[PDB]
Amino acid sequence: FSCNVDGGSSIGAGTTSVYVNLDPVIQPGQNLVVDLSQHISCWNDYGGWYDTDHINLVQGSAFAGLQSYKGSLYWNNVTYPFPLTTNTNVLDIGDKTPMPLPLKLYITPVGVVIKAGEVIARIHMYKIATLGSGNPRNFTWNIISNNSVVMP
């Protein structure tokens, strides 16, 4: 199983930083959206559903540093409160075609709300396949804004 970020080189496990551009001004009660489906893609390394990969997001994925913030996480058509207090539903990947991860993060903050370059969220993703032991792998996506976000 492989992933990549903005068409970079392939990733088998571990922590990767994911840089997003955000709206530089937000208002109280307004909701900030981070669409990760534009950035991260994954695929089956053999194709044909021969050794199918099963991926989900993991309990304990949270805001970093922004722990008082409210949020939601959209994953594979379902909305979960964020931070994740349970694992998400499983996405099956069997083709050698990069599939955008169907993942969005909704943030309600509660001056500068997000600093450029600071980790905003740490999202734990788990993979296991079908044959042998399934060769389980853990990925952490460190979500980071290219610009500060301010609220009047």
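We number the residues from 1 along the sequence you see. Throughout, rigid core stands for the largest set of C-alpha atoms superposing within 1.5 Å between the two forms.
Each structure in 8 other deposited structures of this protein is fitted to the shown form on the rigid core, and of 22-30 and 96-104 the C-alphas lie farther away on average for 22-30. Of the other entries compared for this protein that flank it with modelled residues, all give atoms for residue 120, so not even a third lack it. Modelled in this chain, residue 58 is likewise built in all the other compared entries whose models extend past it on both sides, so a third of them omitting it does not occur. A chain break between residue 90 and residue 91 is not present, all residues of the deposited sequence in that interval being modelled. The stretch of deposited sequence separating residue 117 from residue 118 contains no residues lacking coordinates in this entry.
When the two stretches 98-106 and 121-129 are set side by side, the higher mean Cα temperature factor goes to 98-106.
Look at the C-alpha B-factors of 42-50 and of 22-30. On average they run higher in 22-30. Split the chain's modelled residues into thirds by C-alpha temperature factor. Residue 16 is in the middle one. Annotation for residue 68: CA B-factor lies in the highest third of the chain's modelled residues. The deposited CA B-factor of residue 147 belongs to the highest third of values across its chain. Sort the chain's modelled residues by C-alpha temperature factor and residue 9 lands in the highest third, per the entry. Compared with the other modelled residues of the chain, the Cα B-factor recorded for residue 60 ranks in the lowest third.
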